[PDB]
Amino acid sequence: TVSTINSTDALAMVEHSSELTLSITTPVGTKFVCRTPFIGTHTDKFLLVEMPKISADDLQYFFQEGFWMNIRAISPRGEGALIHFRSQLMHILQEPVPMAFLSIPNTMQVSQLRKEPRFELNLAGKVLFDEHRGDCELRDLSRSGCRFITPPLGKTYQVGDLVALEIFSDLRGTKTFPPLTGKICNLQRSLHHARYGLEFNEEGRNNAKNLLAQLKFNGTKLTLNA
């Protein structure tokens, strides 16, 4: 799962100048999110960062000494990794150059990212198999495969079947993205669900890459950009 290690080792995984994401919560409970480059660290005393490129007002309201924040750093190690930790804004300097000094916790949590990230969704569409079309809902998607559900009492598919998912790309479902083609690699029938796992073929992988690109992230998940 996730690993908790010493901050010195966790930060060694991060490249200087890389971007940090700051989720700030002010003393009165208001929230703000910004990003700023990671300078480096001083011994084990401070985490140095550049002043966020935000309006003077936002700096005034959300970037004051003493304020706490949850920071998320990135690491290129392996297929990537995310480093999460909580830090307090200790000092701000304007001379010789504007920069902030954050606190360093004893440990940080490191999350290894997957080679092929999976996205959770719920996009209606059609399943095309042997010239017949049925309804389906895309529930999980990665550049290599996906998971979809269909009406438990509609047409049934068997493992090994070459199907094509025609996902609606519009608000009212009439237009569809290029088809996600592949073979059913697994399935599960229950009283209320017909669950299927699809493994894309070359064509399917390209259209999947294209579909992920047309989608918009709402802060929680990918959805139709409309």
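Just count from 1 along the sequence shown to find any residue number.
For the pair 109 to 117 and 145 to 153, the mean Cα B-factor is higher in 109 to 117. Higher mean CA B-factor, judged across 97 to 105 and 126 to 134 from the recorded values: 126 to 134. Highest C-alpha temperature factor among 159, 165, 194, 28, as the PDB entry reports it: 28. In this entry, the residue among 37, 182, 40, 173 with the greatest C-alpha B factor is 173. Sort the chain's modelled residues by C-alpha temperature factor and residue 205 lands in the middle third, per the entry. Per the PDB record, residue ranking by Cα B-factor puts residue 24 in the middle third of the chain.
Sorting the modelled residues of the chain by their CA temperature factor places residue 56 in the highest third. Residue 72 sits in the middle third of its chain by CA B factor, as recorded in the PDB entry. Remark: residue 190 belongs to the lowest third of its chain, ranked by C-alpha B-factor as recorded.
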